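Starting off, we have a lone chain in the form deposited in one PDB entry, written out as structure tokens.
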């Protein structure tokens, strides 16, 4: 096998960090694609020199040509308008449709990661127009949202961040379902730490609200989230590329899980060489299911608005 070819469809801030991390990790050749003239060539050039510092040997190329999708193993889609918000849904639908046609033609066996918000909508639109199998396309959501929850808890408890495990399901956005019952610290139920007064229920509520609102908190601090999104996406991609079979929460086609079909939503999946190798259905109680249902309903509402412009 030659190296993997990884095509970043969108070379904005998240793209730039993704390119950086791919080279750090020597994960494959990178194409920074964008519709903006020359900019992706400039970022690609800058990024390419870091092969020296990293002792890697990944090519990093820019592209303004959709045909450069040919032979892609992994396609990561960040392209889309970001600036009410529902008015962007049909514009972004058109972007998914165009990208999907190019994936179908040029790299129908690629594994596809969708980032364009609202991701649980956009991923399904790209699934439909790209024609790729359901195990070959996913959306970013839970790895990112849970990194925040895990991190905040770990700082309170003074433990390694990765030793906090947590589940956020349903959708990526304001209807995300944070599951207190599925939080552990070093594999131990969070409740034990609450029982010991090491962290309180009230503190946890504050951390939940902070988790849901983190993107807004960052924007209100005159920054914007792109470094953690990039890292989350690269964790997903790497699991696929290296057949690590990590359990990672991602937006995936539901086929009855949680009572839902014909829609994408956030749930733990196992990512390895065959893409989505397993879809894990958490055994939610009725209160948790109700919240899952609200997340799905909101994805459906926005999906309906995505199809069509009106005068």
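Positions refer to the first chain, counted from 1.
If you look for the form deposited with a small molecule bound, you will not find it shown, but the lines that follow are about it.
- In the bound PDB entry, at least one heavy atom of residue 88 sits within 4.5 Å of a heavy atom of the small molecule.
- Using a 4.5 angstroms limit between non-hydrogen atoms, residue 263 is distant from the small molecule in the bound PDB entry.
- Residue contact with the small molecule in the bound PDB entry: residue 279 places no heavy atom within 4.5 Å of it.
- Proximity of residue 149 to the small molecule in the bound PDB entry falls outside the 4.5 Å heavy atom cutoff.
- Checked against the small molecule in the bound PDB entry, the candidates 95, 207, 234, 241 yield a single residue with a heavy atom inside 4.5 Å, and that residue is 95.
- Contact here is defined as any heavy atom lying within 4.5 Å of the small molecule in the bound PDB entry, and by that definition not a single one of 164, 188 and 267 is a contact residue.
- Proximity to the small molecule in the bound PDB entry, taken as heavy atoms within 4.5 Å, picks out 26-34 from the listed stretches 26-34, 281-289, 267-275, 253-261.
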